[PDB]
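Chemist:
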Amino acid sequence: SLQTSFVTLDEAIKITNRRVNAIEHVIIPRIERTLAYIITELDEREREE
Amino acid sequence: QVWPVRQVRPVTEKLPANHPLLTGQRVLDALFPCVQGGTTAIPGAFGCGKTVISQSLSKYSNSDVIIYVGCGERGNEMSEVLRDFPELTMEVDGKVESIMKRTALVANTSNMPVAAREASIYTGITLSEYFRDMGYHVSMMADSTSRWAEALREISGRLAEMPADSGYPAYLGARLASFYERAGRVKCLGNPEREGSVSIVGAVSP
Amino acid sequence: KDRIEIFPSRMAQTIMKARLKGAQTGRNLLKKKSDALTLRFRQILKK
Amino acid sequence: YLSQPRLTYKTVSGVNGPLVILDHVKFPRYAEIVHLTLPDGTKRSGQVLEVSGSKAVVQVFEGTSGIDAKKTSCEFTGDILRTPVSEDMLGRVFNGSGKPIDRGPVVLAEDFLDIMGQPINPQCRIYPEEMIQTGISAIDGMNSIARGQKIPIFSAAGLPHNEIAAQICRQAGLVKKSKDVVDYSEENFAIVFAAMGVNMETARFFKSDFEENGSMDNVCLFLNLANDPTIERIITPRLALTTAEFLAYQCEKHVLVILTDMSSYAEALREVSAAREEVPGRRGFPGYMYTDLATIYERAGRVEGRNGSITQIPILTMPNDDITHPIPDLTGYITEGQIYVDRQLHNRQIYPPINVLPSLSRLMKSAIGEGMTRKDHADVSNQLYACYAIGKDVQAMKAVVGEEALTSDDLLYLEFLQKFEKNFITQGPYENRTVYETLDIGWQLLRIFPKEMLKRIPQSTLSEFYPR
Amino acid sequence: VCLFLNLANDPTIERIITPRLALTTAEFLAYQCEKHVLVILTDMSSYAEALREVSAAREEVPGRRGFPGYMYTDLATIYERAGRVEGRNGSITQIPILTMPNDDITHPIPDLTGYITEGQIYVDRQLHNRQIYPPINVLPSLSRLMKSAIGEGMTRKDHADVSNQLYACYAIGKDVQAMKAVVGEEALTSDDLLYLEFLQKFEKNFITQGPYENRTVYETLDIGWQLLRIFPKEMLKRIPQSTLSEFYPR
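Residue numbers (full-length UniProt numbering), protein chains in the order written: chain D, 150 to 198; chain R, 207 to 412; chain X, 4 to 50; chain Y, 39 to 506; chain G, 257 to 506.
#1: Taking Cβ-Cβ distances shorter than 7 Å, what residues in chain R pair up with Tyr-378/Y?
#2: Decide if the region 261-272 of chain G is in contact with the region 478-485 of chain Y; the criterion is three or more beta carbon pairs, one per stretch, under 8 Å apart.
#3: To the nearest angstrom, how far is the alpha carbon of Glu-475/Y from that of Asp-178/Y?
#4: Which two residues bound the contiguous beta strand (DSSP E) that contains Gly-52/Y?
#5: Just verifying my parser: in three-state terms, what is the DSSP assignment at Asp-299/Y?
#6: Going along chain D, which residues have a C-beta under 7 Å from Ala-437/G?
#7: Using a threshold of 8 Å, state whether the C-beta atoms of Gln-433/Y and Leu-452/Y are closer than that.
#8: Using only CA atoms, which one of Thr-274/Y, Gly-325/Y and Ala-282/Y lies nearest to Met-300/Y?
#9: Just the chain R side, please: which residues come within less than 7 Å of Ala-264/G by C-beta, in chain order?
#10: Using Cβ-Cβ distances below 8 Å, what residues of the region 328-348 of chain R are close to chain G?
#11: Quick one, which residues of the region 341-370 of chain Y are near chain X if we go by CB-CB under 9 Å, in chain order?
#12: Would you report the Cα separation of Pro-318/Y and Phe-114/Y, rounded to the nearest angstrom?
#13: Buried or exposed for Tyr-328/Y, going by 16 or more other Cβ atoms inside 10 Å?
#14: Roughly how many angstroms separate the alpha carbons of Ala-338/Y and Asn-181/Y, rounded to a whole number?
#15: Assign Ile-495/G to one of two classes, buried (16 or more other C-beta atoms within 10 Å of its C-beta) or exposed (fewer than that).
#16: Does any C-beta atom of chain R lie closer than 8 Å to the C-beta of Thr-472/G?
#17: Consult DSSP for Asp-371/R and reduce its assignment to one of helix, strand or coil.
#18: Cα-Cα, which of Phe-44/X, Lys-49/X and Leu-48/X is closest to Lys-163/D?
#19: Label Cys-240/R either buried or exposed according to how many other C-beta atoms from any shown protein chain fall within 10 Å of its C-beta, with 16 as the threshold for buried.
#20: What are the residues in the region 192-208 of chain Y lying within 7 Å of chain X by C-beta distance?
#21: Please list the residues of the region 316-328 of chain G that have a C-beta atom closer than 9 Å to any C-beta atom in chain D, keeping them in chain order.
#22: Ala-233/Y and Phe-244/Y look like a contact to me (Cβ under 8 Å); what is the Cβ gap, rounded to whole Å?
#23: Here's a check: name, in chain order, each residue in its chain whose Cβ is nearer than 6 Å to the Cβ of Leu-294/Y, leaving out the five neighbours to either side.
#24: List, in order along the chain, the chain G residues whose C-beta lies closer than 8 Å to that of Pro-369/R?
#25: Assess contact between the region 344-361 of chain R and the region 323-330 of chain R, defined as three or more Cβ pairs (one per stretch) separated by less than 8 Å. Is contact present?
#26: Should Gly-440/G be flagged as near chain D, meaning a C-beta pair shorter than 8 Å?
#27: Can you tell me whether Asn-224/R is buried or exposed? The criterion is at least 16 other CB atoms within 10 Å of its CB, across all chains shown.
#28: Restricting to Cα atoms, I'd like to know which of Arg-320/G, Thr-464/G, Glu-490/G and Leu-331/G is closest to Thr-362/G.
#29: How would you call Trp-354/R, buried or exposed, if buried means at least 16 neighbouring beta carbons within 10 angstroms?
#30: Taking the CB atoms as reference points, tell me whether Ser-285/R and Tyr-165/Y lie closer together than 8 Å.
#31: Would you decide whether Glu-442/G is buried or exposed? Buried here means 16 or more other CB atoms lie within 10 Å of its CB.
#32: Please classify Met-327/G: does DSSP put it in a helix, a strand, or coil?
#33: With distances taken from CA atoms, which of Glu-408/Y, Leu-57/Y, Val-50/Y and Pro-467/Y is nearest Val-63/Y?
#34: Mind checking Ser-264/R: buried by the 16 CB within 10 Å criterion, or exposed?
#35: Output needed in chain order: residues of the region 8-24 of chain X with a Cβ under 8 Å from some Cβ in chain D.
#36: According to DSSP, is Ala-278/G part of a helix, a strand, or is it coil?
This is the structure we're talking about:
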């Protein structure tokens, strides 16, 4: 019983770790850069007026 | 003597920096050594310590005078450094002696006029230069630099200037450079042939 | 790819800040699950 | 002093918007108060905005409408605005302009002062040296207010910040009673409250509540409904501050000024600027908003050689719950400390919804101490904060880790969370808790665990307080 | 060496004139003395700031980030004055240097420079954080004149091919690293390992030179081939079959 649980829990940990890693090294920088660009554009538009 | 504020005194010649600034703490004194006649910047926010560095440099340093500049400060720092005058005392001649005899303070509050807030940093530079000219080793803490930035934005607010970035006038960079330039070791202009220097410590407050 | 495709605006700033906050909360929640999973792994291998 | 007869003009070179331009005025000065009389007999006040040779411009307070060219009188006063301050104003109620509205008499002025005030010398500042009690357990215990500290209260549209303000008003005071009540009877404390940019329901609610609490004998009240002229919005604060100054430094009292809805102040100032034709600044707000809020906030503290103090508790709302909006940004920069309210906590039906996790303070270390309070305060605050943070993040953990894998100590942390939100924070509108009651409840909540988990408390105070 | 020095002490308006003066001197020495000249203007970002300052006085129309609209034409007036002219012998080379505010490449000054001039270098800071010398990125660097600078009788027969293939391997190596940052070592196939070891070896060998090491060009090509030989010949797609046949095995 112990060994069965171990063998399945290994791949469970692997998929969870892959998900958290992909989340922390793909989407967050992308959103942050988009927000930087948005702030810049808003500033431009106000200054023209 | 009365001397205009917006101009630099003459000297014989500027010289290289070849001596390390003495700091009471071995940390940041053996790793990231500041230099006598140097130019540096330190972050500043509540709870960590900004005037702690002021105390440490004012007591345990080879400097011959401290010139502190304040913008948008409370009477706290004034009264506390006043307490440091008879508390932080040095046995230079084997006798405890007050820091009041050495240092000087120039400060203002937010509610004082804007132009005074701006002229503060220049009069501080001038005083530092004047005491340097006498063959000494000045250290000038031009703290609350971001406050001076807001002061410049305020000045530009009533000039119909083009906002370079977030209201900052165009000549912000010119004033920054002209400020930090006035520093470094010099052989002084005069018959005695003495030598001194000025350091600057601009407290960035992001 | 490097920028989520939307027209810049203030409303857009609100939605993107919200999406960033959602991603952060998801990351923290995943970190907690990973903590529990590695605890189970260690306790299984304990003895 | 002044003895010359006043002038009056029947010259109108034009009108535009909220302004009225005239000319042929003899030796005009800036900021001179001006009266007006219309054809129909109405009387309206105003101020001088522009002056250029014999040309003048006056911004009419009450709003321009139906002002003829030839039939219009315009009397001049020759003096800037001056307030009739007086100690006896306590127990009264006024409007923005200072005219009484409670069926009472005109104030028999005791002295005249400049509305603008004067800057206070930084040399004669005195650091705060002692705390106060606001009546809210969540605020006093977790976040001390010294004498002379400037702590704002960030809120947003749709929250019950006004109820919190009223609660603070009807319960604010001092805790000198540590030693004896006999020496405590010497009370010299008062409150000045400046409701501005407030709708009608809230104005009536304030008036009724203040009258109900029975302590109106030490409360001055200023009202400026959103109907009243927009310029009176930016004159109410100056009157309130001048009164607070006169009471603090000429009667040696301990005054607590509470300002409401500074966002409306900002909006009114914006409108004045735009009418004045000046170039816009950042976000449409004027550039010198920083200086203006500085000259409003900076009138407080303590003065050497005077037994008195002024404490400021401004309130404001954050548009769109945006913490980087300029108004809260500048307000945070000028002032010391901050207190939050959080939407979720109000949405949990918890009153007052005070979110202590992002709430800070700047003078807590020196406001409290042995003598002025018990010796068991700062450690208790640190322990409560640490326990609560552990409990909340631990609830976040159990949300996915499952409640079955939790230790028993974990259940103790959850128990601490629920009891802390059930009793310490929730107080009810009239449960007047003192500081000592607050610390009693704090120790009782800490009793759940053993002293071993309580790793922020020194053992010396553990041997005394923990086994109670 | 003729020197032109304008520290921050000097009034900012002189910064408008100094470049054109130096450039005039260069043109004189190039076409009236038949000498070969190299120009080095430094921190043209400060020049752009001074241009913004002087323009704001007149209230001209702005552009992106508040710079003058005609700032493009003005920078063109400065930069272009360079090259070699028929019937002479001298020539003008120009190497301006500019800093990038906040590393934002879309900023108008670097963009308009990228339009006028025909290349870029893009010093990297990641390498400087790793304490590498000389820390120069190659992926965004560009040189428009290479198409005629090199060839048979200039450097070597396959000089272009080496460049193309090395850049391609560098790009795929960066891509593989970005992929490895998420998937994990288990998901890597063999060619990912080959690309990653190529990336590491190439960075520690090709880029790193030292304060005064001056390699000959042929030494550089030998080193480049030494890096190319790591991969088996059946994967170097860009290089022609002939060059691989005559050079790769050694």
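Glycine included, C-beta positions come from ideal geometry on N, C-alpha and C.
Modeler: For this structure:
#1: The premise fails here: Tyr-378/Y is roughly 17 Å from chain R at the closest Cβ pair, so nothing lies under 7 Å.
#2: These segments do not touch.
#3: Take the alpha-carbon of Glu-475/Y and the one of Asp-178/Y: they are about 11 Å apart.
#4: From DSSP, the beta strand (DSSP E) with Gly-52/Y extends over 52-54.
#5: Coil at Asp-299/Y, not helix or strand.
#6: The CB of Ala-437/G comes closer than 7 Å to the CB of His-174 in chain D, given here in chain order.
#7: Cβ atoms of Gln-433/Y and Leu-452/Y: closer than 8 Å.
#8: Nearest Cα to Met-300/Y within the set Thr-274/Y, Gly-325/Y and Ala-282/Y: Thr-274/Y.
#9: Taking the beta carbon of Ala-264/G as reference, the chain R residues within 7 Å of it are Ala-383, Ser-384 and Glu-387, listed in sequence order.
#10: If the cut-off is 8 Å between Cβ atoms, the region 328-348 of chain R has nothing near chain G.
#11: Listed in sequence order: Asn-358 and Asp-360.
#12: Across the structure, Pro-318/Y and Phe-114/Y are spaced so that their CA atoms are roughly 31 Å apart.
#13: When all chains shown are included, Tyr-328/Y counts as buried.
#14: Approximately 20 Å between the Cα atoms of the pair.
#15: By the neighbour-count rule (16 or more Cβ atoms within 10 Å), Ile-495/G is buried.
#16: No Cβ of chain R is located within less than 8 Å of the beta carbon of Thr-472/G.
#17: In the structure shown, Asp-371/R sits in a strand (DSSP, three-state: E or B).
#18: Ranking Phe-44/X, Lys-49/X and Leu-48/X by Cα distance to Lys-163/D puts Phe-44/X first.
#19: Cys-240/R should be labelled buried.
#20: Correct list: empty, as no residue qualifies.
#21: For the region 316-328 of chain G, residues whose beta-carbon sits nearer than 9 Å to a beta-carbon of chain D comprise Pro-318, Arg-320, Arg-321 and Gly-322.
#22: Distance from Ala-233/Y to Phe-244/Y at the Cβ level is roughly 6 Å; contact confirmed, criterion being Cβ atoms closer than 8 Å.
#23: In the same chain as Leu-294/Y, and ignoring 5 residues on each side of it, the C-beta atoms closer than 6 Å to its own belong to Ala-210, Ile-229 and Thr-349, in chain order.
#24: Those are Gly-322, listed as they occur along chain G.
#25: Enough Cβ pairs lie closer than 8 Å, so yes.
#26: Taking Cβ atoms only, chain D reaches closer than 8 Å to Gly-440/G, which makes this a yes.
#27: With fewer than 16 other Cβ atoms within 10 Å, it is exposed.
#28: Proximity to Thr-362/G across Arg-320/G, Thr-464/G, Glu-490/G and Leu-331/G peaks at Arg-320/G, based on C-alpha coordinates.
#29: Classification of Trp-354/R: buried, given that the 10 Å Cβ count is 16 or more.
#30: Annotated as proximal: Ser-285/R and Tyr-165/Y, with beta-carbon spacing under 8 Å.
#31: Exposed, by the Cβ-count rule.
#32: Correct three-state label for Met-327/G: helix.
#33: Nearest of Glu-408/Y, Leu-57/Y, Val-50/Y and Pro-467/Y to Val-63/Y, Cα basis: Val-50/Y.
#34: Buried, because 16 or more other Cβ atoms sit within 10 Å of the Cβ of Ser-264/R.
#35: Those residues of the region 8-24 of chain X that come within reach of chain D (Cβ to Cβ, closer than 8 Å) are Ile-9, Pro-11, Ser-12, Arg-13, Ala-15, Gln-16, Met-19, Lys-20, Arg-22 and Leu-23.
#36: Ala-278/G: helix per DSSP, three-state reduction.
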